[PDB]
Structures are given as structure tokens and as C-alpha cells.
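Starting off, we have a lone chain in the form deposited in one PDB entry, written out as C-alpha cells.
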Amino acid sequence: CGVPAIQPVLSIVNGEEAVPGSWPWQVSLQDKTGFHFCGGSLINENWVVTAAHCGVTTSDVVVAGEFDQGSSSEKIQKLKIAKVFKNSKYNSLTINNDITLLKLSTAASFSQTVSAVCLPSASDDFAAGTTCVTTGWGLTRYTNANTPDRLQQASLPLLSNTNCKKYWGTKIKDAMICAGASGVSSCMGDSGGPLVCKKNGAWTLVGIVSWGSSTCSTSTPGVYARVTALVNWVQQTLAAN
């Protein structure tokens, strides 16, 4: 896991285009009309993790291996969803425990552009100030009515929850982790996608894009579902299904 066959190159608002294929766990969630409304991450051939608030159902399709969603020549996999496991502790008013698991009806075929991100242990310690990466097809400018076709990326620091509360106060819960306020921001269409940090050389899923400033302000932090606080539920969901 977490070792892309195509190496990402790091120099979403004020991000940059990803190297094509370099985030091979990044999937698109698309409705029946082919419209991207959320992102997700492959954690193995059979499961995708995304945000609970996205409201994914079995009528949505998981799209793996895309870089340019405006292209018709990329070798992409359109993967039907057999079952949705929305975390029952997800609170649609507090947006806490914002995680959902998607069981694919057929297994993904891993390749150079499709593979899994690593999951952390519930005890892993990802230090405030660590530079991590988030990717997605969300707005590159809040005023836009047009997401980008090409997968974007940005580097950004993790915050402590203590410092994050100085922005968002009692909205911040233990199952949340904040990143950004550094000149970049997740934005609409990024939800459900990954916030990854490189642990022992392997990109590891530390957060799931969740919420933040309504205008995607680059001077306030984005808030992510804290995967360490949710990963035992992920592992146990997989073990049971």
C-alpha cells in the first residue's frame, strides 16, 4: 500500500496539477449522470473510504484510475457499489465521525494507476506541523461553477486540535483533524478524498476531506475526519463483511 507506481512530484484552491496517475488510490464518486460530487480512497481491491456527508448510495459509481475526467481515452474502471456502510455515529449537524465505507460489487484491478493507500493504526502519532498532501477534483476557485478536469494536489501542514479550535471553536471534535490555513484549501468537490502523510516511506491516510470555510478561505484550516480515531471501525467493518 501507499507506494505509487508513478511517483508524485510536489512543489483545491492554490494547488497544482498532480502528476498523472501519481495518486492511484484517488477515486471519483459519480452519480448516474457521470457527475463528480465527491472523492474517495481505495484501501484495498474491494473497499473505498469516503465522507459520510457525501450521501453515497448504491446508485452511485466509483471511478478509479482517472486523471483527466474530461478524457475518454484513459483506462478507467467504473466500479458499482454493492453496499454502503455509513458510520452510525455520524452526526449530520456536528459533521463528526464523517466516514463511510463502500463495498465494491466487483474487485478493482490494481495497476500502475490504481492501487491502495495505507491505513494507520489507532495509536499512530502524526505530529502537528507535519507537511501532508490532499488531492481531489474540487473547485480551484470558490467563485467557479466549474471543477477542474485534472486531479489537483496541495501540500499543507497539520494543526493541533488546540490550535484548530482557535479558528472553529467547539466545532472541533476528537474524531476531526485540521490541516491548511497555509495558502491552500480543500474546496467543493474534494469531500471524501484523502489527506495523506508519508509514514515510513508509505503514503498513509490520516484524514478524509470533510468541511471548512464556506468560501474555501486559504487563511483558515480545513477540517478532516481523523482516520486514527475511526480506523478500528474500518478494520472491523471489513473483517465482518
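Residues that one form lacks are left out of the comparison. For clarity, a rigid core is taken as the largest C-alpha set superposing within 1.5 Å between two forms. Throughout, we count residues from 1 along the sequence that is shown.
The form deposited in another entry is left out here; the points below concern that form.
- After superposition on the rigid core, the single residue among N96, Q153, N87, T140 whose C-alpha moves by 2 Å or more between this form and the one not shown is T140.
- Relative to the superposed rigid core, the position of the CA of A52 differs between this form and the one not shown by less than 2 Å.
- Shown in the overlay between this form and the one not shown, fitted on the rigid core, is a CA shift at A202 smaller than 2 Å.
- Once both forms are fitted on their core, the CA shift for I177 between this form and the one not shown remains under 2 Å.
- Panel note: the distance between the CA atoms of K83 and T147 is larger in the other entry than in this form, the difference being 3 Å or more.
- A shift of at least 3 angstroms pushes the Cα atoms of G222 and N144 further from each other in the other entry than in the displayed structure.
- Listed in sequence order, the shifted runs between this form and the one not shown are 140 to 148, 184 to 189, counting only residues present in both forms whose C-alphas move 2 Å or more over at least three consecutive positions once the core is aligned.
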